[PDB]
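Throughout, numbering of the chain's residues begins at 1 and tracks the sequence. Counting starts at 1 for both ligands and their atoms, following the listed order. Just the heavy atoms: all of them, side chains too, but no hydrogens, waters or symmetry mates, feed the values below.
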Amino acid sequence: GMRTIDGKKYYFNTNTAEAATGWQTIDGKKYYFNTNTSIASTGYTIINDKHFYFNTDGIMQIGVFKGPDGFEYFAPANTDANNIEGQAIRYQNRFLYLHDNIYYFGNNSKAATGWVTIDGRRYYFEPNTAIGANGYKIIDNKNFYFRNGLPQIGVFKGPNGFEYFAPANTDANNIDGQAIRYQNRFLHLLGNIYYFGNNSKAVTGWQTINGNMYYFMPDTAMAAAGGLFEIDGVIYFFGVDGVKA
Ligand SMILES: CC(=O)N[C@@H]1[C@@H](O)[C@H](O[C@@H]2O[C@H](CO)[C@H](O)[C@H](O[C@H]3O[C@H](CO)[C@H](O)[C@H](O)[C@H]3O)[C@H]2O)[C@@H](CO)O[C@H]1O
Ligand SMILES: CC(=O)N[C@@H]1[C@@H](O)[C@H](O[C@@H]2O[C@H](CO)[C@H](O)[C@H](O[C@H]3O[C@H](CO)[C@H](O)[C@H](O)[C@H]3O)[C@H]2O)[C@@H](CO)O[C@H]1O
């Protein structure tokens, strides 16, 4: 019987009206009831000069969580110098993969947040979680499209349409991957063809431009090009320049 009164959770040894203290394994879960108050620990907690992290319900967590000195890695037993389960450990200058989530830990064993350069590459880790960014992101009024923390160069679909996340210095000295103003013009990138309207977004569907007909795929905004394509069940030929002929 584990009850919670006045926002404070306790673990009673059933038959006696007394609350328990210390580490307790309840339902496979680990809890630490402060030895001087019997109150269940929550959040960043120092125990015997070691760091542990508990959720709002007092359950000990394994992962990357923020403490007063930044995000620490509360790892499984024997991750470094036979550390105990849930304890924060020394983890310096290296990446951490917690199944598809990527973190990078600095020299201080704290996870990096914001923009950082690692081995010559620019990354962005979410300040709220320290997790490498993924997908469309607006950062300081600039748009990026990330994959595992890395800004990608290319044409990707965002909330407002396909934007051109361009190579560095294409406009206003943008850095690699920054979405830019690119209006009423074609974009030729690695063999693919796109056309951007006045809104700096790639057009899709059938389009007549300067008298030539093109069909830009709705899922990629790339022009049909270099052969026969069946569109809406009809077969057409598109030259390597994307023009139907
Ligand atoms: C103030 C600051 O950030 N200084 C950095 C130190 O915190 C950091 O020391 C490591 O910090 C982690 C927490 O992020 C742990 O405290 C770690 O020690 C703990 O784990 C060890 C096993 O890995 C061992 O069990 C210790 O007994 C236990 O306390 C600690 O080494 C250092 C090193 O990165 O950098 C400082 O800049
Ligand atoms: C709702 C809508 O579609 N509005 C259109 C604007 O988004 C568009 O503005 C441009 O949009 C691109 C993204 O597609 C960028 O946001 C661009 O600004 C950014 O790049 C600039 C350099 O090229 C500069 O660095 C800015 O600081 C940076 O924010 C922005 O101009 C406009 C113009 O095409 O059309 C609207 O219809």
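- For ligand 2 and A179, the ligand atoms under 4.0 Å from any heavy atom of the residue are 15 (C), 19 (C), 20 (O).
- By the neighbour-count criterion of 12 heavy atoms within 6.0 Å, atom CD1 of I138 is sparsely surrounded, having that number or fewer from other residues, nucleotides or ligands.
- Under a 4.0 Å criterion applied to the non-hydrogen atoms of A88, ligand 1 contributes the atoms 15 (C), 19 (C), 20 (O).
- Proximity of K66 to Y44: side-chain heavy atoms (C-beta onward) are nowhere separated by under 4.5 Å.
- Inter-residue side-chain proximity for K110 and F71 is flagged as unmet; no heavy-atom pair is nearer than 4.5 Å.
- Using a 4.5 Å heavy-atom threshold, the side chains of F229 and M217 count as touching.
- Of the protein's non-hydrogen atoms, the one nearest atom 3 (O) of ligand 2 is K201 NZ, 3.6 Å.
- The distance from ligand 1 to the heavy atoms of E72 drops below 4.0 Å at these ligand atoms: 13 (C), 14 (O).
- Between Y91 and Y103, the ring centre distance reaches or exceeds 6.0 Å.
- Ranking the protein heavy atoms by distance from atom 9 (O) of ligand 1 puts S109 OG, 4.5 Å first.
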Query - Verdict with reasoning, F95 to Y123, per ring pair (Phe, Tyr, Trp, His ring centres under 6.0 Å) - result: CA-CA 12 Å; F95 288 98; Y123 291 73; 5.6 Å; yes
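- Under a cut-off of 6.0 angstrom, the local environment of CG in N169 is crowded, with over 12 non-hydrogen atoms contributed by other residues, nucleotides or ligands.
- Close approach of ligand 2 to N141 (heavy-atom distance below 4.0 Å) involves ligand atoms 29 (O).
- Ring centers of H51 and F74: at least 6.0 Å apart, outside the cut-off.
- Classified by interplanar angle (parallel below 30°, tilted 30° to 60°, perpendicular above 60°), the ring pair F196/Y194 is tilted.
- When the shell of 6.0 Å around NZ of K157 is examined, it contains 12 or fewer heavy atoms from other residues, nucleotides or ligands.
- For ligand 2, the atoms closer than 4.0 angstrom to any heavy atom of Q183 are 33 (C), 34 (O).
- Taking atom 11 (O) of ligand 1 as the reference point, the nearest protein heavy-atom neighbour is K110 NZ, 3.8 Å.
- For atom 27 (O) of ligand 2, the closest heavy atom belonging to the protein is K142 NZ, 3.8 Å.
- Here the heavy atom of the protein found nearest to atom 16 (O) of ligand 2 is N143 ND2, 3.7 Å.
- Looking at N107 next to ligand 1, an N or O pair under 3.5 Å apart turns up.
- With hydrogens left out, the protein atom closest to atom 21 (C) of ligand 1 is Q87 NE2, 3.6 Å, a heavy atom.
- Contact annotation for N83 and ligand 1: no heavy atom of the residue comes within less than 4.0 Å of the ligand.
- Taking the six-membered ring where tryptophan is involved, the planes of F146 and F144 are tilted, since the angle between them lies from 30° to 60°.
- At least one protein heavy atom sits closer than 4.0 Å to atom 13 (C) of ligand 1.
- Interface atoms of ligand 2 facing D171, defined by a heavy-atom separation under 4.0 Å, are 22 (C), 23 (O).
- Close contacts between ligand 2 and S200 involve ligand atoms 14 (O), 33 (C), 34 (O) [criterion: under 4.0 Å to a heavy atom].
- The structure places CD of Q207 at 11.0 Å from OH of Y214, a figure rounded to the nearest 0.5 Å.
- Closest to atom 29 (O) of ligand 1 among all protein heavy atoms lies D49 O, 4.1 Å.
- Comparing heavy-atom distances from atom 26 (C) of ligand 2 across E163, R181, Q178 singles out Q178 as nearest.
- A ring-centre distance under 6.0 Å is found for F186 and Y195.
- Residue contacts with ligand 2, taken as heavy atom pairs separated by less than 4.0 Å, do not involve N160 at all.
- By the 4.0 Å heavy-atom criterion, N174 is excluded from the residues contacting ligand 2.
- The single protein non-hydrogen atom nearest to atom 35 (O) of ligand 2 is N199 CA, 3.3 Å, given as residue, atom name and distance.
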